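J.: Starting off with a structure, shown below.
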Amino acid sequence: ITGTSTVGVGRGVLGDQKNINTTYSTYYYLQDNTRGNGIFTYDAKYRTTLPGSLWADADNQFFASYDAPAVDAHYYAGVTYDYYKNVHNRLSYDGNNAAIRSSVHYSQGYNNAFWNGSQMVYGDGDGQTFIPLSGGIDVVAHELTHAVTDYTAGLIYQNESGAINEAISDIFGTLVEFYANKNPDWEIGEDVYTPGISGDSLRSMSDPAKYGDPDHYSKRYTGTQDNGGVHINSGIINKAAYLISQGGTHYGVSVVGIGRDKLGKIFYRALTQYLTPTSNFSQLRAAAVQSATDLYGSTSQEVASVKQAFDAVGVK
Ligand SMILES: N[C@@H](CCCC[NH3+])C(=O)O
Ligand SMILES: [Ca+2]
Ligand SMILES: [Ca+2]
Ligand SMILES: [Ca+2]
Ligand SMILES: [Ca+2]
Ligand SMILES: [Ca+2]
Ligand SMILES: [Zn+2]
């Protein structure tokens with residue numbers, strides 16, 4: 001909508017207060033005009049028809065329980081845009097400031113979120129397995145990173161290229177969580193998963209096997225479920241990325257860590273310059289080696305740590 005940019009206030013899914021960029025034209029809309037061609041948040045009204053209605057509010061205050069997922073989807077989309085722009089000099093998911101759209105209150109008791117090729121979609125959860133999924137910044141950045149992958153490498157969503165697709169979204173989800181510096185960790189979804197149970201999460205990057213996911217190529221899943229295990233075998237690449245950043249000894253192989261910033265630079269370059277739609281894990285290794293080489297030198301510690309990490313998880 002056309003109108004005047006302003007700033008509202010609301011409460012997110014976890015009860016924290018925050019300011020959000022809105023647009024005023026009779027109503028106050030969840031339209032952020034300060035970032036590219038805009039961040040737009042929609043109400044799907046418990047249906048599955050998308051996008052739904054642009055979120056409209058009478059007084060620019062968003063403290064109703066029904067508002068909370070909209071507040072976080074809108075706010076965390078902005079934070080993710082800021083991450084890509086300030087850290088990687090990328091303007092939105094397509095590199096030319098495409099509008100970012102999200103719908104919340106999708107369906108009833110829907111325990112998931114997703115990028116559908118054009119927009120983000122967030123369920124409310126059933127209140128036991130999940131609370132509303134936009135409450136997790138790593139979840140939002142995960143979904144939006146899918147859009148980045150779709151416009152760059154284009155990894156097909158099955159078998160090893162799908163696992164890489166998934167791992168990239170967990171990696172940049174986590175890096176966005178560290179960038180915002182709100183209780184950062186190497187777990188996925190801990191803020192919105194199982195409100196009854198502390199200390200757990202959907203997946204772990206530091207120790208994928210905590211929840212049954214492979215942490216070594218020899219344990220990869222070879223069946224047909226989950227599009228050939230795209231959310232399972234991602235654990236192999238997530239562990240590798242954890243090792244590159246933090247270091248550690250894994251199946252007898254020691255890796256010197258180089259830190260989060262360099263991890264991000266290497267995987268961003270690998271994604272945007274070297275990976276293709278059918279890249280497999282072995283091709284990812286070569287892309288990350290070449291990326292580190294480009295950035296730091298063939299004899300750098302950085303190239304050495306990338307090699308050590310993939311050796312540790314058994315990717316040749
Ligand atoms: N997002 C992943 C894991 C969450 C599962 C939620 N029930 C998937 O769809 O497989
Ligand atoms: Ca903001
Ligand atoms: Ca209001
Ligand atoms: Ca966290
Ligand atoms: Ca996390
Ligand atoms: Ca929990
Ligand atoms: Zn995903």
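Each chain in the structure tokens gets a letter, A, B and so on, in the order shown; residues start at 1 in every chain, and ligands are counted from 1 in the order they appear.
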Counting only C-alpha atoms and all ligand atoms, what are the residues, protein, DNA or RNA alike, that approach ligand 7 to within 9 Å? I want them as a list in words.

T.: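 The residues near ligand 7 are residues 113, 114, 115, 139, 142, 143, 145, 146, 165, 166, 167, 168, 169, 170, 230 and 231 of chain A.
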
J.: From a backbone DSSP assignment, name each residue in segment 16-229 of chain A labelled strand (DSSP E or B), as a ChimeraX atom specification.

T.: /A:17-25,27-29,31-32,39-43,53-54,56-57,61-62,100-106,113-115,120-123,130,187-188,193,203-204

J.: Would you name the residues within 9 Å of ligand 6, counting only C-alpha atoms and all ligand atoms, and put them as a PyMOL selection string?

T.: chain A and resi 129-130+189-202

J.: Please save C-alpha atoms of the selected residues as an mmCIF file, in the first residue's frame.

T.:
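So the final result, stored in out_32.cif, reads:
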```cif
data_model
loop_
_atom_site.group_PDB
_atom_site.id
_atom_site.type_symbol
_atom_site.label_atom_id
_atom_site.label_comp_id
_atom_site.auth_asym_id
_atom_site.auth_seq_id
_atom_site.Cartn_x
_atom_site.Cartn_y
_atom_site.Cartn_z
ATOM 1 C CA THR A 129 5.331 -29.728 19.751
ATOM 2 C CA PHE A 130 5.661 -26.112 18.585
ATOM 3 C CA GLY A 189 14.592 -24.167 16.597
ATOM 4 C CA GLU A 190 15.178 -24.279 20.346
ATOM 5 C CA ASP A 191 13.110 -21.152 20.990
ATOM 6 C CA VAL A 192 9.909 -22.561 19.445
ATOM 7 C CA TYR A 193 10.245 -26.345 19.876
ATOM 8 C CA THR A 194 8.510 -28.259 22.712
ATOM 9 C CA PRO A 195 7.617 -25.436 25.112
ATOM 10 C CA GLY A 196 7.188 -28.075 27.814
ATOM 11 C CA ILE A 197 10.797 -29.308 27.666
ATOM 12 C CA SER A 198 13.931 -27.273 28.223
ATOM 13 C CA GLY A 199 17.298 -27.803 26.607
ATOM 14 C CA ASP A 200 16.137 -29.570 23.435
ATOM 15 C CA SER A 201 15.761 -28.497 19.803
ATOM 16 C CA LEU A 202 14.827 -29.804 16.356
#
```

J.: Between chain A and ligand 4, at 9 Å or less, what are the per-residue closest atom pairs and their distances in Å? Count only C-alpha atoms and all ligand atoms, order by chain and rising residue number, and return it as JSON lines.

T.:
```
{"residue": "A:136", "atom": "CA", "partner": "ligand 4", "partner_atom_place_in_ligand_line": "1 (Ca)", "distance": 8.0}
{"residue": "A:137", "atom": "CA", "partner": "ligand 4", "partner_atom_place_in_ligand_line": "1 (Ca)", "distance": 8.1}
{"residue": "A:138", "atom": "CA", "partner": "ligand 4", "partner_atom_place_in_ligand_line": "1 (Ca)", "distance": 7.7}
{"residue": "A:174", "atom": "CA", "partner": "ligand 4", "partner_atom_place_in_ligand_line": "1 (Ca)", "distance": 8.4}
{"residue": "A:177", "atom": "CA", "partner": "ligand 4", "partner_atom_place_in_ligand_line": "1 (Ca)", "distance": 6.8}
{"residue": "A:178", "atom": "CA", "partner": "ligand 4", "partner_atom_place_in_ligand_line": "1 (Ca)", "distance": 8.4}
{"residue": "A:181", "atom": "CA", "partner": "ligand 4", "partner_atom_place_in_ligand_line": "1 (Ca)", "distance": 8.7}
{"residue": "A:182", "atom": "CA", "partner": "ligand 4", "partner_atom_place_in_ligand_line": "1 (Ca)", "distance": 6.5}
{"residue": "A:183", "atom": "CA", "partner": "ligand 4", "partner_atom_place_in_ligand_line": "1 (Ca)", "distance": 4.5}
{"residue": "A:184", "atom": "CA", "partner": "ligand 4", "partner_atom_place_in_ligand_line": "1 (Ca)", "distance": 4.2}
{"residue": "A:185", "atom": "CA", "partner": "ligand 4", "partner_atom_place_in_ligand_line": "1 (Ca)", "distance": 5.0}
{"residue": "A:186", "atom": "CA", "partner": "ligand 4", "partner_atom_place_in_ligand_line": "1 (Ca)", "distance": 7.6}
{"residue": "A:187", "atom": "CA", "partner": "ligand 4", "partner_atom_place_in_ligand_line": "1 (Ca)", "distance": 7.0}
{"residue": "A:188", "atom": "CA", "partner": "ligand 4", "partner_atom_place_in_ligand_line": "1 (Ca)", "distance": 7.8}
{"residue": "A:189", "atom": "CA", "partner": "ligand 4", "partner_atom_place_in_ligand_line": "1 (Ca)", "distance": 7.7}
{"residue": "A:190", "atom": "CA", "partner": "ligand 4", "partner_atom_place_in_ligand_line": "1 (Ca)", "distance": 6.2}
{"residue": "A:191", "atom": "CA", "partner": "ligand 4", "partner_atom_place_in_ligand_line": "1 (Ca)", "distance": 6.3}
```

J.: Please extract the residues at most 12 Å from ligand 3, counting only C-alpha atoms and all ligand atoms, and provide them as a PyMOL selection string, using the chain letters and residue numbers of this document.

T.: chain A and resi 8-11+22+27-30+55-68+70-71

J.: Write out, as a compact mmCIF listing (two decimals), in the first residue's frame, the residues just selected, with N, CA, C and O atoms.

T.:
```
# COMPACT_ATOMS: atom_id res chain seq x y z
N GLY A 8 5.85 1.20 14.84
CA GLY A 8 4.97 0.70 15.87
C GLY A 8 5.75 -0.11 16.90
O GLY A 8 6.96 -0.25 16.86
N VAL A 9 4.99 -0.65 17.84
CA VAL A 9 5.54 -1.40 18.96
C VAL A 9 4.66 -2.62 19.18
O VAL A 9 3.43 -2.55 19.05
N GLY A 10 5.29 -3.73 19.52
CA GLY A 10 4.53 -4.92 19.80
C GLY A 10 5.33 -5.88 20.64
O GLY A 10 6.45 -5.59 21.08
N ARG A 11 4.73 -7.04 20.86
CA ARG A 11 5.29 -8.10 21.67
C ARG A 11 5.33 -9.35 20.80
O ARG A 11 4.35 -9.67 20.12
N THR A 22 6.19 0.00 10.16
CA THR A 22 4.84 -0.12 9.64
C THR A 22 4.61 0.99 8.63
O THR A 22 5.46 1.85 8.42
N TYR A 27 -5.34 2.57 8.08
CA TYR A 27 -4.82 1.59 9.02
C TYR A 27 -3.30 1.66 9.07
O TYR A 27 -2.65 2.28 8.23
N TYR A 28 -2.73 1.00 10.07
CA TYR A 28 -1.30 0.77 10.14
C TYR A 28 -1.04 -0.64 9.63
O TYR A 28 -1.60 -1.60 10.17
N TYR A 29 -0.21 -0.77 8.60
CA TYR A 29 0.04 -2.06 7.98
C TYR A 29 1.44 -2.55 8.31
O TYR A 29 2.37 -1.75 8.46
N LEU A 30 1.58 -3.87 8.37
CA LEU A 30 2.89 -4.51 8.52
C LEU A 30 3.58 -4.49 7.16
O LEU A 30 3.68 -5.49 6.43
N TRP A 55 -1.30 -7.45 6.79
CA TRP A 55 -1.67 -7.27 8.19
C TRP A 55 -2.02 -5.79 8.45
O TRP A 55 -1.18 -4.91 8.27
N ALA A 56 -3.26 -5.56 8.86
CA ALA A 56 -3.80 -4.24 9.17
C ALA A 56 -4.13 -4.13 10.65
O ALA A 56 -4.71 -5.05 11.24
N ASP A 57 -3.79 -2.98 11.23
CA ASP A 57 -3.98 -2.72 12.65
C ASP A 57 -4.42 -1.27 12.82
O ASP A 57 -3.91 -0.37 12.14
N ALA A 58 -5.36 -1.06 13.74
CA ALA A 58 -5.98 0.24 13.92
C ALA A 58 -5.10 1.26 14.65
O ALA A 58 -5.20 2.45 14.37
N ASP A 59 -4.24 0.83 15.59
CA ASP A 59 -3.56 1.80 16.45
C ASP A 59 -2.04 1.68 16.48
O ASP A 59 -1.39 2.40 17.26
N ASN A 60 -1.43 0.83 15.65
CA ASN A 60 0.03 0.71 15.56
C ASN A 60 0.65 0.09 16.81
O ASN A 60 1.85 0.22 17.04
N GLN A 61 -0.16 -0.58 17.62
CA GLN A 61 0.28 -1.30 18.80
C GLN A 61 -0.12 -2.76 18.65
O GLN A 61 -1.27 -3.05 18.30
N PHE A 62 0.83 -3.66 18.87
CA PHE A 62 0.71 -5.07 18.49
C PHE A 62 0.96 -5.96 19.72
O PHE A 62 1.90 -6.76 19.76
N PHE A 63 0.11 -5.82 20.74
CA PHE A 63 0.25 -6.55 21.99
C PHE A 63 -0.78 -7.66 22.17
O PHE A 63 -0.79 -8.30 23.23
N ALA A 64 -1.64 -7.91 21.19
CA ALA A 64 -2.59 -9.01 21.32
C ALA A 64 -1.89 -10.33 21.03
O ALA A 64 -0.94 -10.39 20.25
N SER A 65 -2.34 -11.40 21.68
CA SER A 65 -1.68 -12.68 21.47
C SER A 65 -1.74 -13.07 19.99
O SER A 65 -0.78 -13.61 19.45
N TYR A 66 -2.84 -12.73 19.32
CA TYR A 66 -2.97 -13.00 17.88
C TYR A 66 -1.93 -12.24 17.06
O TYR A 66 -1.58 -12.68 15.96
N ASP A 67 -1.42 -11.10 17.56
CA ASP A 67 -0.44 -10.32 16.81
C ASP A 67 0.96 -10.93 16.85
O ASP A 67 1.78 -10.68 15.96
N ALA A 68 1.27 -11.70 17.90
CA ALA A 68 2.67 -11.99 18.21
C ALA A 68 3.45 -12.65 17.08
O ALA A 68 4.62 -12.28 16.86
N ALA A 70 2.98 -12.39 13.89
CA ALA A 70 3.17 -11.38 12.87
C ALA A 70 4.30 -10.44 13.24
O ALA A 70 5.12 -10.08 12.40
N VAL A 71 4.35 -10.04 14.51
CA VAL A 71 5.41 -9.16 14.97
C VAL A 71 6.78 -9.78 14.71
O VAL A 71 7.69 -9.12 14.19
```

J.: Could you give me the residues within segment 216-247 of chain A that DSSP places in helix (DSSP H, G or I), as a list in words?

T.: residues 217, 218, 219, 225, 226, 227, 228, 229, 234, 235, 236, 237, 238, 239, 240, 241, 242, 243, 244, 245 and 246 of chain A

J.: Those selected residues, please, written with C-alpha atoms and delivered as a short mmCIF file (atom, residue, chain, number, x, y, z; two decimals), in the first residue's frame.

T.:
```
data_model
loop_
_atom_site.label_atom_id
_atom_site.label_comp_id
_atom_site.auth_asym_id
_atom_site.auth_seq_id
_atom_site.Cartn_x
_atom_site.Cartn_y
_atom_site.Cartn_z
CA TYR A 217 29.30 -39.76 5.78
CA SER A 218 29.44 -43.47 6.62
CA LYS A 219 26.17 -43.04 8.57
CA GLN A 225 11.90 -40.73 3.15
CA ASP A 226 12.25 -36.97 3.61
CA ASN A 227 13.17 -36.55 -0.08
CA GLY A 228 16.07 -38.91 0.44
CA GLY A 229 16.93 -37.58 3.89
CA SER A 234 22.31 -32.24 6.49
CA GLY A 235 23.78 -33.20 9.86
CA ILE A 236 26.99 -34.28 8.14
CA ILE A 237 27.46 -30.84 6.58
CA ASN A 238 26.25 -29.03 9.71
CA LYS A 239 28.91 -30.82 11.80
CA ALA A 240 31.58 -29.92 9.24
CA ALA A 241 30.50 -26.28 9.44
CA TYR A 242 30.51 -26.36 13.25
CA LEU A 243 34.05 -27.77 13.16
CA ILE A 244 35.29 -25.16 10.67
CA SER A 245 34.08 -22.38 12.94
CA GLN A 246 34.63 -23.75 16.45
#
```

J.: Would you work out the distance separating atom CA of residue 180 of chain A from atom CA of residue 109 of chain A, expressed in Å to one decimal?

T.: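 Taking atom CA of residue 180 of chain A and atom CA of residue 109 of chain A, their separation equals 28.4 Å.
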
J.: To one decimal place in Å, what is the distance between atom CA of residue 278 of chain A and atom CA of residue 233 of chain A?

T.: 15.6 Å

J.: A:16, A:32, A:150, A:261: which is nearest ligand 2, counting only C-alpha atoms and all ligand atoms?

T.: A:32

J.: Taking into account only C-alpha atoms and all ligand atoms, which residue in the set A:209, A:312, A:98, A:140 is nearest to ligand 1?

T.: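 Looking at the shortest contact to ligand 1, the residue is A:140.
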
J.: Neighbouring residues of segment 268-272 of chain A were defined as those with any atom within 8 Å, considering only C-alpha atoms; residues of the same chain fewer than 3 positions away were excluded. Please report them as a ChimeraX atom specification.

T.: /A:88,149,152-153,264-265,275,284,287-288,290-291

J.: Could you write out that same residue set with N, CA, C and O atoms as a PDB file, in the first residue's frame?

T.:
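So again13.pdb came out as:
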```pdb
ATOM      1  N   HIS A  88      27.239  -9.611   3.715  1.00  0.00           N
ATOM      2  CA  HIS A  88      27.588 -10.166   2.413  1.00  0.00           C
ATOM      3  C   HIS A  88      27.315  -9.226   1.253  1.00  0.00           C
ATOM      4  O   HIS A  88      27.547  -9.612   0.100  1.00  0.00           O
ATOM      5  N   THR A 149      19.228 -19.488  -1.735  1.00  0.00           N
ATOM      6  CA  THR A 149      19.727 -20.649  -2.458  1.00  0.00           C
ATOM      7  C   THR A 149      18.996 -20.822  -3.799  1.00  0.00           C
ATOM      8  O   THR A 149      19.630 -21.079  -4.834  1.00  0.00           O
ATOM      9  N   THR A 152      20.447 -18.581  -6.359  1.00  0.00           N
ATOM     10  CA  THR A 152      21.874 -18.661  -6.640  1.00  0.00           C
ATOM     11  C   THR A 152      22.178 -20.073  -7.119  1.00  0.00           C
ATOM     12  O   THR A 152      21.940 -20.388  -8.290  1.00  0.00           O
ATOM     13  N   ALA A 153      22.689 -20.955  -6.244  1.00  0.00           N
ATOM     14  CA  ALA A 153      23.093 -22.285  -6.677  1.00  0.00           C
ATOM     15  C   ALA A 153      21.921 -23.103  -7.221  1.00  0.00           C
ATOM     16  O   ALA A 153      22.099 -23.916  -8.140  1.00  0.00           O
ATOM     17  N   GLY A 264      31.078 -18.020   7.461  1.00  0.00           N
ATOM     18  CA  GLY A 264      30.090 -17.356   6.622  1.00  0.00           C
ATOM     19  C   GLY A 264      30.635 -16.912   5.276  1.00  0.00           C
ATOM     20  O   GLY A 264      29.989 -17.102   4.247  1.00  0.00           O
ATOM     21  N   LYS A 265      31.810 -16.277   5.265  1.00  0.00           N
ATOM     22  CA  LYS A 265      32.373 -15.810   4.001  1.00  0.00           C
ATOM     23  C   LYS A 265      32.643 -16.968   3.056  1.00  0.00           C
ATOM     24  O   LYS A 265      32.429 -16.861   1.844  1.00  0.00           O
ATOM     25  N   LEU A 275      28.618 -23.576  -6.355  1.00  0.00           N
ATOM     26  CA  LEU A 275      27.664 -24.669  -6.289  1.00  0.00           C
ATOM     27  C   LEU A 275      26.652 -24.558  -7.422  1.00  0.00           C
ATOM     28  O   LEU A 275      26.334 -23.462  -7.904  1.00  0.00           O
ATOM     29  N   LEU A 284      30.606 -30.092  -2.869  1.00  0.00           N
ATOM     30  CA  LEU A 284      30.625 -29.048  -1.856  1.00  0.00           C
ATOM     31  C   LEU A 284      32.013 -28.902  -1.247  1.00  0.00           C
ATOM     32  O   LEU A 284      32.481 -27.782  -1.015  1.00  0.00           O
ATOM     33  N   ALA A 287      34.104 -26.932  -3.586  1.00  0.00           N
ATOM     34  CA  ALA A 287      33.659 -25.546  -3.657  1.00  0.00           C
ATOM     35  C   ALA A 287      34.120 -24.758  -2.439  1.00  0.00           C
ATOM     36  O   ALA A 287      34.566 -23.609  -2.564  1.00  0.00           O
ATOM     37  N   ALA A 288      34.019 -25.361  -1.254  1.00  0.00           N
ATOM     38  CA  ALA A 288      34.483 -24.689  -0.051  1.00  0.00           C
ATOM     39  C   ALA A 288      36.004 -24.559  -0.047  1.00  0.00           C
ATOM     40  O   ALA A 288      36.548 -23.536   0.393  1.00  0.00           O
ATOM     41  N   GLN A 290      37.965 -24.270  -2.717  1.00  0.00           N
ATOM     42  CA  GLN A 290      38.247 -23.200  -3.659  1.00  0.00           C
ATOM     43  C   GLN A 290      37.852 -21.837  -3.096  1.00  0.00           C
ATOM     44  O   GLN A 290      38.567 -20.848  -3.297  1.00  0.00           O
ATOM     45  N   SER A 291      36.723 -21.756  -2.384  1.00  0.00           N
ATOM     46  CA  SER A 291      36.305 -20.468  -1.840  1.00  0.00           C
ATOM     47  C   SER A 291      37.321 -19.948  -0.834  1.00  0.00           C
ATOM     48  O   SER A 291      37.728 -18.778  -0.884  1.00  0.00           O
TER      49      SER A 291
END
```

J.: Excluding same-chain residues fewer than 3 positions from residue 80 of chain A, what lies within 7 Å of it counting only C-alpha atoms, as a ChimeraX atom specification?

T.: /A:76-77,83-84,141,176

J.: Export N, CA, C and O atoms of the chosen residues as a CSV table (one decimal), in the first residue's frame?

T.:
```csv
chain,number,residue,atom,x,y,z
A,76,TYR,N,11.9,-10.3,12.4
A,76,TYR,CA,13.1,-11.2,12.1
A,76,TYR,C,13.4,-11.2,10.6
A,76,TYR,O,14.5,-11.5,10.2
A,77,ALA,N,12.4,-11.0,9.7
A,77,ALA,CA,12.7,-10.9,8.3
A,77,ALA,C,13.6,-9.6,8.1
A,77,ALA,O,14.5,-9.7,7.3
A,83,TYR,N,21.3,-8.7,7.9
A,83,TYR,CA,22.5,-9.6,7.9
A,83,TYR,C,23.0,-9.7,6.5
A,83,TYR,O,24.2,-9.5,6.2
A,84,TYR,N,22.2,-10.1,5.5
A,84,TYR,CA,22.7,-10.3,4.1
A,84,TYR,C,23.3,-9.0,3.5
A,84,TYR,O,24.3,-9.1,2.8
A,141,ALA,N,15.4,-17.1,9.5
A,141,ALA,CA,16.6,-17.0,8.6
A,141,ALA,C,16.8,-18.3,7.8
A,141,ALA,O,17.2,-18.2,6.6
A,176,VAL,N,22.8,-15.9,11.4
A,176,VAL,CA,21.9,-14.8,11.7
A,176,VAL,C,21.6,-14.7,13.2
A,176,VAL,O,21.5,-13.6,13.7
```

J.: With only C-alpha atoms and all ligand atoms counted, collect every polymer residue having an atom within 7 Å of ligand 2; state the result as a list in words.

T.: residues 19, 20, 21, 75 and 78 of chain A

J.: Let's have the selection written as a PDB file, in the first residue's frame, with N, CA, C and O atoms.

T.:
```
ATOM      1  N   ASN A  19      10.159  -2.801  18.497  1.00  0.00           N
ATOM      2  CA  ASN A  19       9.668  -1.845  17.528  1.00  0.00           C
ATOM      3  C   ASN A  19       9.687  -2.463  16.136  1.00  0.00           C
ATOM      4  O   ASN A  19      10.592  -3.225  15.790  1.00  0.00           O
ATOM      5  N   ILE A  20       8.667  -2.149  15.350  1.00  0.00           N
ATOM      6  CA  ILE A  20       8.546  -2.653  13.993  1.00  0.00           C
ATOM      7  C   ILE A  20       8.170  -1.523  13.046  1.00  0.00           C
ATOM      8  O   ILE A  20       7.428  -0.598  13.395  1.00  0.00           O
ATOM      9  N   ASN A  21       8.687  -1.620  11.834  1.00  0.00           N
ATOM     10  CA  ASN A  21       8.427  -0.659  10.777  1.00  0.00           C
ATOM     11  C   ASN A  21       7.082  -0.974  10.134  1.00  0.00           C
ATOM     12  O   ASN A  21       6.851  -2.091   9.647  1.00  0.00           O
ATOM     13  N   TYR A  75       9.641  -8.614  12.087  1.00  0.00           N
ATOM     14  CA  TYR A  75      10.890  -8.128  12.658  1.00  0.00           C
ATOM     15  C   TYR A  75      12.058  -9.013  12.254  1.00  0.00           C
ATOM     16  O   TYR A  75      13.104  -8.514  11.838  1.00  0.00           O
ATOM     17  N   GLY A  78      13.303  -8.546   8.776  1.00  0.00           N
ATOM     18  CA  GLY A  78      14.158  -7.378   8.684  1.00  0.00           C
ATOM     19  C   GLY A  78      15.579  -7.658   9.156  1.00  0.00           C
ATOM     20  O   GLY A  78      16.553  -7.262   8.511  1.00  0.00           O
TER      21      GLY A  78
END
```

J.: Taking only C-alpha atoms and all ligand atoms into account, which of A:125, A:223, A:214, A:277 comes nearest ligand 1?

T.: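 With only C-alpha atoms and all ligand atoms as the atom set, the closest residue is A:125.
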
J.: Go through A:293, A:107, A:306, A:220 and flag the residue nearest residue 259 of chain A, using only C-alpha atoms for the distances.

T.: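 Closest to residue 259 of chain A of all the choices is A:306.
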
J.: For residue 41 of chain A, which residue among A:282, A:134, A:97, A:25 is the nearest when counting only C-alpha atoms?

T.: A:134

J.: Need to verify the contact set: residue 3 of chain A, 9 Å, only C-alpha atoms, exclusion of same-chain residues closer than 4 positions in sequence. Can you return it as a ChimeraX atom specification?

T.: /A:23-26

J.: Which residue gives the smallest distance to ligand 1 among A:315, A:309, A:133, A:148, with only C-alpha atoms and all ligand atoms counted?

T.: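 Residue with the minimum atom-to-atom distance to ligand 1: A:133.
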
J.: Work out how far atom CA of residue 100 of chain A is from atom CA of residue 266 of chain A, in Å to one decimal.

T.: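 According to the coordinates, atom CA of residue 266 of chain A and atom CA of residue 100 of chain A are separated by 25.2 Å.
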